[PDB]
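Colleague: Sending over final.txt (compact mmCIF, N, CA and C atoms).
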```
# COMPACT_ATOMS: atom_id res chain seq x y z
N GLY D 258 46.71 -51.11 13.52
CA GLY D 258 45.51 -51.93 13.25
C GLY D 258 45.36 -52.23 11.78
N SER D 259 44.13 -52.29 11.31
CA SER D 259 43.87 -52.60 9.91
C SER D 259 43.40 -51.34 9.16
N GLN D 260 43.32 -50.23 9.89
CA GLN D 260 42.88 -48.94 9.33
C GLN D 260 41.47 -49.02 8.75
N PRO D 261 40.45 -49.02 9.62
CA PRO D 261 39.06 -49.07 9.19
C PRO D 261 38.46 -47.67 8.99
N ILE D 262 39.21 -46.65 9.41
CA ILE D 262 38.82 -45.23 9.26
C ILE D 262 37.49 -44.87 9.96
N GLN D 263 37.60 -44.44 11.23
CA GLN D 263 36.48 -43.89 12.04
C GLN D 263 35.34 -44.88 12.35
N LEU D 264 34.80 -45.52 11.31
CA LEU D 264 33.67 -46.48 11.41
C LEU D 264 32.35 -45.76 11.70
N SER D 265 32.33 -44.99 12.77
CA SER D 265 31.13 -44.28 13.22
C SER D 265 30.49 -43.45 12.10
N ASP D 266 31.31 -42.90 11.22
CA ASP D 266 30.81 -42.04 10.14
C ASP D 266 29.88 -42.80 9.20
N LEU D 267 30.24 -44.03 8.86
CA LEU D 267 29.43 -44.83 7.96
C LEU D 267 28.30 -45.52 8.71
N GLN D 268 28.26 -45.32 10.02
CA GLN D 268 27.20 -45.87 10.85
C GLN D 268 26.06 -44.87 10.98
N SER D 269 26.41 -43.58 10.95
CA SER D 269 25.44 -42.50 11.08
C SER D 269 24.39 -42.53 9.96
N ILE D 270 24.79 -42.99 8.78
CA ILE D 270 23.89 -43.04 7.63
C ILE D 270 22.80 -44.12 7.83
N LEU D 271 23.10 -45.10 8.67
CA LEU D 271 22.18 -46.21 8.92
C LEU D 271 21.02 -45.79 9.83
N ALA D 272 21.03 -44.54 10.23
CA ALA D 272 19.99 -44.01 11.09
C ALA D 272 18.87 -43.38 10.26
N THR D 273 18.99 -43.48 8.95
CA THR D 273 18.01 -42.91 8.05
C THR D 273 16.75 -43.78 7.99
N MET D 274 15.60 -43.15 7.79
CA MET D 274 14.33 -43.86 7.70
C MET D 274 13.71 -43.64 6.34
N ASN D 275 12.64 -44.36 6.04
CA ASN D 275 11.98 -44.22 4.76
C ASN D 275 10.77 -43.29 4.87
N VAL D 276 10.85 -42.16 4.20
CA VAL D 276 9.77 -41.19 4.23
C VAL D 276 8.77 -41.47 3.10
N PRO D 277 7.48 -41.19 3.33
CA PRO D 277 6.44 -41.39 2.32
C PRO D 277 6.53 -40.36 1.20
N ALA D 278 5.83 -40.62 0.11
CA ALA D 278 5.84 -39.72 -1.03
C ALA D 278 4.81 -38.61 -0.87
N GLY D 279 5.11 -37.45 -1.42
CA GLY D 279 4.20 -36.33 -1.34
C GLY D 279 3.32 -36.24 -2.57
N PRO D 280 2.07 -35.76 -2.42
CA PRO D 280 1.12 -35.65 -3.54
C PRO D 280 1.54 -34.59 -4.57
N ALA D 281 2.51 -33.74 -4.18
CA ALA D 281 3.06 -32.67 -5.03
C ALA D 281 2.05 -31.56 -5.28
N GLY D 282 1.02 -31.86 -6.04
CA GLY D 282 0.02 -30.87 -6.36
C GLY D 282 -0.99 -31.40 -7.34
N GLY D 283 -1.91 -32.21 -6.85
CA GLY D 283 -2.93 -32.77 -7.71
C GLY D 283 -4.21 -31.96 -7.65
N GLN D 284 -4.74 -31.62 -8.80
CA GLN D 284 -5.96 -30.83 -8.86
C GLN D 284 -6.70 -31.08 -10.17
N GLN D 285 -6.17 -30.54 -11.26
CA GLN D 285 -6.80 -30.69 -12.56
C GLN D 285 -5.78 -30.96 -13.65
N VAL D 286 -6.27 -31.24 -14.84
CA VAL D 286 -5.45 -31.51 -15.99
C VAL D 286 -6.29 -31.37 -17.26
N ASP D 287 -5.72 -30.79 -18.30
CA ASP D 287 -6.44 -30.61 -19.54
C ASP D 287 -6.56 -31.90 -20.31
N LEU D 288 -7.75 -32.47 -20.29
CA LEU D 288 -8.02 -33.73 -20.96
C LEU D 288 -7.97 -33.56 -22.47
N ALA D 289 -8.40 -32.40 -22.95
CA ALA D 289 -8.46 -32.12 -24.39
C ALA D 289 -7.08 -32.13 -25.05
N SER D 290 -6.03 -32.16 -24.24
CA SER D 290 -4.68 -32.18 -24.75
C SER D 290 -4.25 -33.61 -25.14
N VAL D 291 -5.06 -34.58 -24.76
CA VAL D 291 -4.77 -35.98 -25.06
C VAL D 291 -6.05 -36.74 -25.50
N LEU D 292 -7.17 -36.40 -24.89
CA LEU D 292 -8.45 -36.99 -25.24
C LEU D 292 -9.01 -36.30 -26.47
N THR D 293 -8.92 -36.97 -27.59
CA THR D 293 -9.38 -36.43 -28.83
C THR D 293 -10.87 -36.71 -29.03
N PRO D 294 -11.53 -35.99 -29.96
CA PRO D 294 -12.94 -36.21 -30.28
C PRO D 294 -13.22 -37.68 -30.63
N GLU D 295 -12.22 -38.35 -31.19
CA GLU D 295 -12.34 -39.76 -31.56
C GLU D 295 -12.56 -40.64 -30.33
N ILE D 296 -12.11 -40.18 -29.18
CA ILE D 296 -12.26 -40.94 -27.94
C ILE D 296 -13.53 -40.52 -27.22
N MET D 297 -13.74 -39.22 -27.13
CA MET D 297 -14.87 -38.67 -26.40
C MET D 297 -16.21 -38.87 -27.12
N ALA D 298 -16.17 -38.94 -28.44
CA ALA D 298 -17.40 -39.07 -29.22
C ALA D 298 -18.23 -40.32 -28.86
N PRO D 299 -17.65 -41.56 -28.95
CA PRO D 299 -18.39 -42.79 -28.64
C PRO D 299 -18.87 -42.84 -27.18
N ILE D 300 -18.19 -42.13 -26.30
CA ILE D 300 -18.55 -42.12 -24.89
C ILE D 300 -19.67 -41.10 -24.62
N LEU D 301 -19.50 -39.88 -25.10
CA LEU D 301 -20.50 -38.82 -24.89
C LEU D 301 -21.76 -39.04 -25.72
N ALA D 302 -21.70 -39.99 -26.65
CA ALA D 302 -22.84 -40.31 -27.49
C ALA D 302 -23.80 -41.28 -26.78
N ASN D 303 -23.42 -41.69 -25.58
CA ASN D 303 -24.24 -42.61 -24.80
C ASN D 303 -25.27 -41.85 -23.99
N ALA D 304 -26.50 -42.35 -23.97
CA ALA D 304 -27.57 -41.71 -23.23
C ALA D 304 -27.31 -41.75 -21.73
N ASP D 305 -26.57 -42.78 -21.30
CA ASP D 305 -26.21 -42.93 -19.88
C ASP D 305 -25.50 -41.70 -19.35
N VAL D 306 -24.51 -41.23 -20.10
CA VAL D 306 -23.78 -40.04 -19.70
C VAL D 306 -24.56 -38.78 -20.06
N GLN D 307 -25.29 -38.84 -21.17
CA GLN D 307 -26.10 -37.71 -21.63
C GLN D 307 -27.08 -37.30 -20.54
N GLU D 308 -27.74 -38.29 -19.95
CA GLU D 308 -28.69 -38.08 -18.87
C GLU D 308 -28.04 -37.30 -17.72
N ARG D 309 -26.78 -37.60 -17.45
CA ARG D 309 -26.07 -36.98 -16.35
C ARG D 309 -25.54 -35.61 -16.76
N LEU D 310 -25.51 -35.37 -18.06
CA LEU D 310 -25.05 -34.10 -18.60
C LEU D 310 -26.20 -33.13 -18.79
N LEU D 311 -27.43 -33.63 -18.61
CA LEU D 311 -28.63 -32.80 -18.73
C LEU D 311 -28.57 -31.54 -17.82
N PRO D 312 -28.19 -31.68 -16.51
CA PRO D 312 -28.09 -30.53 -15.61
C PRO D 312 -26.86 -29.67 -15.91
N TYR D 313 -26.06 -30.09 -16.88
CA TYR D 313 -24.84 -29.39 -17.23
C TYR D 313 -24.75 -29.18 -18.74
N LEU D 314 -25.91 -29.11 -19.40
CA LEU D 314 -25.95 -28.93 -20.86
C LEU D 314 -25.11 -27.73 -21.30
N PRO D 315 -24.15 -27.97 -22.21
CA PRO D 315 -23.27 -26.93 -22.74
C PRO D 315 -24.04 -25.76 -23.34
N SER D 316 -23.36 -24.63 -23.49
CA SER D 316 -23.94 -23.44 -24.07
C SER D 316 -24.58 -23.76 -25.41
N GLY D 317 -25.83 -23.37 -25.57
CA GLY D 317 -26.53 -23.64 -26.79
C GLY D 317 -27.72 -24.54 -26.58
N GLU D 318 -27.81 -25.11 -25.37
CA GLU D 318 -28.92 -26.00 -24.96
C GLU D 318 -28.84 -27.36 -25.66
N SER D 319 -28.72 -27.33 -26.97
CA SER D 319 -28.65 -28.52 -27.76
C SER D 319 -27.24 -29.12 -27.72
N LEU D 320 -27.11 -30.21 -27.01
CA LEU D 320 -25.84 -30.90 -26.88
C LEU D 320 -25.66 -31.89 -28.03
N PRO D 321 -24.40 -32.24 -28.38
CA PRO D 321 -24.09 -33.21 -29.44
C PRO D 321 -24.82 -34.54 -29.21
N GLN D 322 -25.84 -34.79 -30.02
CA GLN D 322 -26.67 -35.99 -29.87
C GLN D 322 -25.98 -37.25 -30.38
N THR D 323 -25.04 -37.09 -31.29
CA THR D 323 -24.35 -38.22 -31.86
C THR D 323 -22.84 -38.03 -31.82
N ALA D 324 -22.11 -39.07 -32.17
CA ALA D 324 -20.66 -39.03 -32.19
C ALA D 324 -20.16 -38.15 -33.32
N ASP D 325 -20.91 -38.16 -34.43
CA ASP D 325 -20.57 -37.37 -35.61
C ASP D 325 -20.48 -35.88 -35.27
N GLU D 326 -21.34 -35.44 -34.37
CA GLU D 326 -21.37 -34.06 -33.93
C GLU D 326 -20.04 -33.69 -33.26
N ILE D 327 -19.63 -34.52 -32.31
CA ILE D 327 -18.41 -34.30 -31.55
C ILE D 327 -17.18 -34.44 -32.44
N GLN D 328 -17.21 -35.39 -33.35
CA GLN D 328 -16.10 -35.62 -34.27
C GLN D 328 -16.03 -34.54 -35.34
N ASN D 329 -17.09 -33.75 -35.46
CA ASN D 329 -17.12 -32.67 -36.44
C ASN D 329 -16.61 -31.38 -35.83
N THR D 330 -17.02 -31.10 -34.60
CA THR D 330 -16.62 -29.88 -33.92
C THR D 330 -15.11 -29.88 -33.61
N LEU D 331 -14.54 -31.08 -33.45
CA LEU D 331 -13.10 -31.25 -33.19
C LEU D 331 -12.66 -30.64 -31.85
N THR D 332 -12.34 -29.35 -31.85
CA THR D 332 -11.91 -28.66 -30.64
C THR D 332 -12.57 -27.27 -30.57
N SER D 333 -13.66 -27.12 -31.30
CA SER D 333 -14.41 -25.88 -31.33
C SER D 333 -15.15 -25.67 -29.99
N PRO D 334 -15.72 -24.45 -29.74
CA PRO D 334 -16.48 -24.11 -28.53
C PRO D 334 -17.37 -25.25 -28.00
N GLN D 335 -17.98 -26.01 -28.91
CA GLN D 335 -18.85 -27.12 -28.52
C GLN D 335 -18.07 -28.18 -27.73
N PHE D 336 -16.94 -28.61 -28.29
CA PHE D 336 -16.12 -29.65 -27.68
C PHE D 336 -15.55 -29.21 -26.33
N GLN D 337 -14.93 -28.04 -26.31
CA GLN D 337 -14.31 -27.53 -25.09
C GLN D 337 -15.34 -27.33 -23.97
N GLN D 338 -16.55 -26.97 -24.35
CA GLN D 338 -17.61 -26.77 -23.38
C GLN D 338 -18.10 -28.13 -22.86
N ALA D 339 -18.29 -29.07 -23.78
CA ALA D 339 -18.75 -30.40 -23.43
C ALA D 339 -17.72 -31.12 -22.56
N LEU D 340 -16.45 -30.95 -22.91
CA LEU D 340 -15.35 -31.55 -22.17
C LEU D 340 -15.39 -31.10 -20.71
N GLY D 341 -15.52 -29.79 -20.51
CA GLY D 341 -15.56 -29.25 -19.17
C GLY D 341 -16.74 -29.77 -18.37
N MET D 342 -17.91 -29.75 -18.98
CA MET D 342 -19.13 -30.21 -18.33
C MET D 342 -19.05 -31.70 -18.00
N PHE D 343 -18.54 -32.48 -18.94
CA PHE D 343 -18.40 -33.92 -18.76
C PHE D 343 -17.45 -34.22 -17.60
N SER D 344 -16.36 -33.46 -17.53
CA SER D 344 -15.38 -33.62 -16.47
C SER D 344 -16.01 -33.33 -15.11
N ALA D 345 -16.85 -32.30 -15.05
CA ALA D 345 -17.51 -31.93 -13.82
C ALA D 345 -18.53 -32.98 -13.41
N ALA D 346 -19.28 -33.48 -14.39
CA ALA D 346 -20.31 -34.48 -14.15
C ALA D 346 -19.73 -35.75 -13.54
N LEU D 347 -18.61 -36.22 -14.09
CA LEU D 347 -17.99 -37.44 -13.59
C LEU D 347 -17.32 -37.22 -12.24
N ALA D 348 -16.88 -35.99 -11.99
CA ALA D 348 -16.20 -35.66 -10.74
C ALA D 348 -17.17 -35.53 -9.58
N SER D 349 -18.23 -34.77 -9.78
CA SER D 349 -19.21 -34.53 -8.74
C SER D 349 -20.22 -35.67 -8.64
N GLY D 350 -20.80 -36.04 -9.77
CA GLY D 350 -21.81 -37.07 -9.78
C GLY D 350 -21.24 -38.47 -9.66
N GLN D 351 -20.06 -38.67 -10.27
CA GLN D 351 -19.39 -39.97 -10.28
C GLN D 351 -20.20 -40.99 -11.07
N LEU D 352 -19.87 -41.13 -12.34
CA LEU D 352 -20.59 -42.04 -13.23
C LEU D 352 -20.42 -43.49 -12.77
N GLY D 353 -19.18 -43.84 -12.42
CA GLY D 353 -18.87 -45.17 -11.91
C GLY D 353 -19.48 -46.32 -12.71
N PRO D 354 -20.40 -47.10 -12.08
CA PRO D 354 -21.01 -48.29 -12.69
C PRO D 354 -21.75 -48.02 -14.01
N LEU D 355 -22.13 -46.77 -14.23
CA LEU D 355 -22.84 -46.40 -15.46
C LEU D 355 -21.95 -46.60 -16.69
N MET D 356 -20.64 -46.44 -16.50
CA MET D 356 -19.69 -46.58 -17.60
C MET D 356 -19.59 -48.03 -18.05
N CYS D 357 -19.73 -48.94 -17.10
CA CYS D 357 -19.61 -50.36 -17.39
C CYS D 357 -20.89 -50.91 -18.03
N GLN D 358 -21.98 -50.17 -17.94
CA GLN D 358 -23.25 -50.64 -18.47
C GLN D 358 -23.22 -50.67 -20.01
N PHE D 359 -22.42 -49.80 -20.60
CA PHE D 359 -22.30 -49.75 -22.04
C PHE D 359 -21.04 -50.49 -22.50
N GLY D 360 -20.25 -50.96 -21.54
CA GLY D 360 -19.04 -51.68 -21.87
C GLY D 360 -17.90 -50.75 -22.26
N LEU D 361 -17.82 -49.61 -21.60
CA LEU D 361 -16.79 -48.62 -21.88
C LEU D 361 -15.46 -49.03 -21.23
N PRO D 362 -14.32 -48.42 -21.65
CA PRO D 362 -12.98 -48.74 -21.13
C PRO D 362 -12.90 -48.71 -19.60
N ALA D 363 -12.08 -49.61 -19.05
CA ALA D 363 -11.89 -49.71 -17.60
C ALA D 363 -11.25 -48.44 -17.05
N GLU D 364 -10.39 -47.84 -17.85
CA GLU D 364 -9.73 -46.60 -17.48
C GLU D 364 -10.75 -45.51 -17.18
N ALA D 365 -11.86 -45.54 -17.90
CA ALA D 365 -12.90 -44.55 -17.75
C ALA D 365 -13.67 -44.75 -16.44
N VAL D 366 -14.02 -45.99 -16.14
CA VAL D 366 -14.81 -46.28 -14.94
C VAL D 366 -14.00 -46.03 -13.67
N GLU D 367 -12.70 -46.36 -13.70
CA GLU D 367 -11.83 -46.16 -12.55
C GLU D 367 -11.81 -44.69 -12.14
N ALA D 368 -11.62 -43.83 -13.12
CA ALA D 368 -11.54 -42.41 -12.88
C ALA D 368 -12.91 -41.81 -12.60
N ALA D 369 -13.91 -42.22 -13.37
CA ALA D 369 -15.27 -41.69 -13.22
C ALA D 369 -15.91 -42.12 -11.90
N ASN D 370 -15.44 -43.22 -11.34
CA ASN D 370 -15.96 -43.69 -10.06
C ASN D 370 -15.44 -42.83 -8.93
N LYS D 371 -14.16 -42.47 -9.01
CA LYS D 371 -13.55 -41.62 -8.00
C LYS D 371 -13.92 -40.16 -8.22
N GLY D 372 -14.09 -39.79 -9.47
CA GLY D 372 -14.35 -38.41 -9.80
C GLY D 372 -13.05 -37.66 -9.95
N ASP D 373 -12.04 -38.38 -10.40
CA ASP D 373 -10.70 -37.85 -10.55
C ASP D 373 -10.31 -37.82 -12.03
N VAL D 374 -10.21 -36.63 -12.59
CA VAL D 374 -9.88 -36.47 -14.01
C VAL D 374 -8.40 -36.71 -14.28
N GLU D 375 -7.58 -36.57 -13.25
CA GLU D 375 -6.14 -36.76 -13.38
C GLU D 375 -5.83 -38.23 -13.65
N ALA D 376 -6.52 -39.10 -12.92
CA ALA D 376 -6.37 -40.53 -13.08
C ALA D 376 -6.83 -40.95 -14.46
N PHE D 377 -7.84 -40.25 -14.97
CA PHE D 377 -8.37 -40.53 -16.30
C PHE D 377 -7.34 -40.15 -17.35
N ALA D 378 -6.76 -38.97 -17.20
CA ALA D 378 -5.75 -38.48 -18.12
C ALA D 378 -4.56 -39.42 -18.17
N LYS D 379 -4.01 -39.75 -17.00
CA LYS D 379 -2.85 -40.64 -16.92
C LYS D 379 -3.16 -42.00 -17.55
N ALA D 380 -4.33 -42.55 -17.24
CA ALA D 380 -4.73 -43.84 -17.78
C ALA D 380 -4.81 -43.79 -19.30
N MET D 381 -5.44 -42.75 -19.83
CA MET D 381 -5.58 -42.60 -21.28
C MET D 381 -4.24 -42.34 -21.95
N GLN D 382 -3.41 -41.52 -21.32
CA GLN D 382 -2.08 -41.21 -21.84
C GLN D 382 -1.25 -42.47 -22.01
N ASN D 383 -1.17 -43.26 -20.95
CA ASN D 383 -0.37 -44.48 -20.97
C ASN D 383 -1.02 -45.57 -21.80
N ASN D 384 -2.34 -45.54 -21.89
CA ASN D 384 -3.08 -46.51 -22.70
C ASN D 384 -2.74 -46.31 -24.17
N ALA D 385 -2.70 -45.05 -24.58
CA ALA D 385 -2.38 -44.70 -25.95
C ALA D 385 -0.88 -44.80 -26.20
N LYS D 386 -0.11 -44.11 -25.37
CA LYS D 386 1.35 -44.10 -25.48
C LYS D 386 1.99 -44.77 -24.27
N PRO D 387 2.43 -46.02 -24.41
CA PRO D 387 3.08 -46.74 -23.33
C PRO D 387 4.56 -46.39 -23.23
N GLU D 388 5.05 -46.29 -22.01
CA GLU D 388 6.45 -45.99 -21.79
C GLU D 388 7.25 -47.28 -21.86
N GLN D 389 8.09 -47.39 -22.87
CA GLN D 389 8.91 -48.57 -23.05
C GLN D 389 10.20 -48.25 -23.80
N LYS D 390 11.32 -48.50 -23.14
CA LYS D 390 12.63 -48.29 -23.74
C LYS D 390 13.66 -49.20 -23.08
N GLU D 391 13.68 -49.19 -21.74
CA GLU D 391 14.59 -50.02 -20.94
C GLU D 391 16.05 -49.54 -21.06
N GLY D 392 16.67 -49.30 -19.92
CA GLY D 392 18.05 -48.84 -19.91
C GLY D 392 18.67 -48.98 -18.54
N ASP D 393 18.72 -50.20 -18.03
CA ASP D 393 19.29 -50.46 -16.71
C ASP D 393 20.80 -50.37 -16.72
N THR D 394 21.44 -51.15 -17.59
CA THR D 394 22.89 -51.20 -17.68
C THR D 394 23.50 -51.62 -16.33
N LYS D 395 23.42 -52.91 -16.03
CA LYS D 395 23.91 -53.44 -14.77
C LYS D 395 24.33 -54.89 -14.92
N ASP D 396 24.87 -55.46 -13.83
CA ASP D 396 25.32 -56.86 -13.78
C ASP D 396 26.53 -57.11 -14.68
N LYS D 397 27.31 -58.14 -14.34
CA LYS D 397 28.51 -58.52 -15.10
C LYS D 397 29.52 -57.38 -15.14
N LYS D 398 29.53 -56.60 -14.08
CA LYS D 398 30.46 -55.50 -13.94
C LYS D 398 31.61 -55.95 -13.03
N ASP D 399 31.26 -56.27 -11.78
CA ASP D 399 32.22 -56.72 -10.75
C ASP D 399 33.40 -55.74 -10.61
N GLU D 400 34.46 -56.16 -9.95
CA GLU D 400 35.60 -55.29 -9.74
C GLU D 400 36.92 -56.01 -10.00
N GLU D 401 37.01 -57.27 -9.56
CA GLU D 401 38.25 -58.05 -9.66
C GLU D 401 39.39 -57.30 -8.97
N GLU D 402 39.12 -56.82 -7.76
CA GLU D 402 40.09 -56.04 -6.99
C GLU D 402 41.33 -56.85 -6.70
N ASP D 403 41.12 -58.07 -6.22
CA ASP D 403 42.22 -58.96 -5.86
C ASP D 403 43.05 -59.32 -7.09
N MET D 404 42.38 -59.41 -8.23
CA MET D 404 43.03 -59.78 -9.47
C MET D 404 44.04 -58.71 -9.87
N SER D 405 45.30 -58.99 -9.62
CA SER D 405 46.38 -58.08 -9.95
C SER D 405 47.69 -58.85 -10.10
N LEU D 406 47.57 -60.17 -10.25
CA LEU D 406 48.73 -61.03 -10.37
C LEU D 406 48.83 -61.57 -11.79
N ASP D 407 50.04 -61.70 -12.28
CA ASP D 407 50.27 -62.22 -13.62
C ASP D 407 51.35 -63.29 -13.58
```
Show the structure stored in the file as C-alpha cells.
Modeller:
Amino acid sequence: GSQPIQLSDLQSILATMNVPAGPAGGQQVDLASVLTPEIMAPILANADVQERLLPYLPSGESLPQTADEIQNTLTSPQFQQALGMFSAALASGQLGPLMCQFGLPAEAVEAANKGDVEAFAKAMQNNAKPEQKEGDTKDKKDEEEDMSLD
C-alpha cells in the first residue's frame, strides 16, 4: 500500500473534548502590596465611602478625614487597618454606584459592585503595569519538503 501506519491511533485523539477552566482558588489578596496610599487616599477621602466605613471605623475611632492623613501614615497601623475595613465594606456592602458618584476609576466600581477584592487587585495591577512584550515567533517557516531537486 502507501504505508499510512495504523490510522486508528491518530483517530483516537480526535475523541477529545474541551473542558472548562477551574477557579483554582479565589478568596483574598493583599491590596496593600500594590495599592499605595497615593491611590487609596483620594478614594478614602470621599464622604461617600467614609459613610460606609462608619460601622467599620478603624482602631482609634478617628479615621483619616483627609488624603493627607492616609498619605502620611503610608503603611502604618492606620493604613493597614483602614485597608482591611475598606475591603470588607466594599465586599459586604458593595459600594457599586457610589463610586461613580464621585467619578472614581471604573476598575474600582467593577470590583466594589461585586464585592470582589481580587478583581480590584488585578484591575489595578494591570492598570498600573500593563503586560506587553510580544513573542509569537511564527509564520514564514513552512517546510519545503518536496524541494530537494537541484
Colleague: Could you tell me, as a ChimeraX atom specification, which residues of chain D DSSP assigns to alpha helix (DSSP H) when given the backbone?
Modeller: /D:265-269,294-301,304-310,324-330,334-345,354-358,363-371,374-385
Colleague: Just to confirm, what's the straight-line distance from atom N of residue 331 of chain D to atom CA of residue 291 of chain D in Å (one decimal)?
Modeller: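 Atom CA of residue 291 of chain D lies at a distance of 13.8 Å from atom N of residue 331 of chain D.
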Colleague: Find the residues around segment 355-359 of chain D up to 7 Å (all atoms listed in the file counted), leave out those fewer than 4 positions away in its own chain, and share them as a PyMOL selection string.
Modeller: chain D and resi 305-306+351+365-366
Colleague: Just the selected residues (N, CA and C atoms), exported as a compact mmCIF listing (two decimals), in the coordinates of the input, please.
Modeller:
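This went into again-v8.txt:
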```txt
# COMPACT_ATOMS: atom_id res chain seq x y z
N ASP D 305 -26.57 -42.78 -21.30
CA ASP D 305 -26.21 -42.93 -19.88
C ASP D 305 -25.50 -41.70 -19.35
N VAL D 306 -24.51 -41.23 -20.10
CA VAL D 306 -23.78 -40.04 -19.70
C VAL D 306 -24.56 -38.78 -20.06
N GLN D 351 -20.06 -38.67 -10.27
CA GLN D 351 -19.39 -39.97 -10.28
C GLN D 351 -20.20 -40.99 -11.07
N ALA D 365 -11.86 -45.54 -17.90
CA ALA D 365 -12.90 -44.55 -17.75
C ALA D 365 -13.67 -44.75 -16.44
N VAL D 366 -14.02 -45.99 -16.14
CA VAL D 366 -14.81 -46.28 -14.94
C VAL D 366 -14.00 -46.03 -13.67
```
Colleague: Let me make sure I understand: among D:367, D:385, D:289, D:407, which one has the smallest atom-to-atom distance to residue 332 of chain D if we use only N, CA and C atoms?
Modeller: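 Ranked by minimum distance to residue 332 of chain D, first place goes to D:289.
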Colleague: What lies within 8 Å of residue 316 of chain D using all atoms listed in the file, ignoring chain neighbours under 4 positions off, as a PyMOL selection string?
Modeller: chain D and resi 320+334-335+338-339
Colleague: Tell me, as a list in words, which residues lie within 7 Å of residue 377 of chain D, counting only N, CA and C atoms; anything in the same chain fewer than 3 positions away does not count.
Modeller: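 Answer for this query is residues 364, 365, 367, 368, 369, 373, 374, 380, 381 and 382 of chain D.
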Colleague: Of the residues D:344, D:389, D:329, D:269, which is the one nearest to residue 294 of chain D, using all atoms listed in the file?
Modeller: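 Looking at the shortest contact to residue 294 of chain D, the residue is D:329.
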Colleague: Quick one: residues within 10 Å of residue 323 of chain D, only C-alpha atoms, excluding same-chain residues fewer than 5 positions away - as a VMD selection string?
Modeller: chain D and resid 298 to 304 328
Colleague: Limited to N, CA and C atoms, could you put the picked residues into a file as a CSV table (one decimal), in the frame of the given file?
Modeller:
```
chain,number,residue,atom,x,y,z
D,298,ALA,N,-16.2,-38.9,-28.4
D,298,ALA,CA,-17.4,-39.1,-29.2
D,298,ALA,C,-18.2,-40.3,-28.9
D,299,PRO,N,-17.6,-41.6,-29.0
D,299,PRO,CA,-18.4,-42.8,-28.6
D,299,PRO,C,-18.9,-42.8,-27.2
D,300,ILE,N,-18.2,-42.1,-26.3
D,300,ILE,CA,-18.6,-42.1,-24.9
D,300,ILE,C,-19.7,-41.1,-24.6
D,301,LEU,N,-19.5,-39.9,-25.1
D,301,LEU,CA,-20.5,-38.8,-24.9
D,301,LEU,C,-21.8,-39.0,-25.7
D,302,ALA,N,-21.7,-40.0,-26.6
D,302,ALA,CA,-22.8,-40.3,-27.5
D,302,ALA,C,-23.8,-41.3,-26.8
D,303,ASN,N,-23.4,-41.7,-25.6
D,303,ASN,CA,-24.2,-42.6,-24.8
D,303,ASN,C,-25.3,-41.8,-24.0
D,304,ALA,N,-26.5,-42.4,-24.0
D,304,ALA,CA,-27.6,-41.7,-23.2
D,304,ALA,C,-27.3,-41.8,-21.7
D,328,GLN,N,-17.2,-35.4,-33.4
D,328,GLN,CA,-16.1,-35.6,-34.3
D,328,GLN,C,-16.0,-34.5,-35.3
```
Colleague: Enter the distance from atom C of residue 280 of chain D to atom N of residue 375 of chain D, in Å, rounded to one decimal.
Modeller: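 Separating atom C of residue 280 of chain D from atom N of residue 375 of chain D is a distance of 12.7 Å.
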Colleague: Looking at D:393, D:378, D:325, D:312, which one is nearest to residue 349 of chain D, with distances taken over only C-alpha atoms?
Modeller: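 With only C-alpha atoms as the atom set, the closest residue is D:312.
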Colleague: Which residue gives the smallest distance to residue 313 of chain D among D:342, D:379, D:337, D:281, with only N, CA and C atoms counted?
Modeller: D:342
Colleague: How many Å lie between atom CA of residue 282 of chain D and atom CA of residue 309 of chain D, rounded to one decimal?
Modeller: 28.6 Å
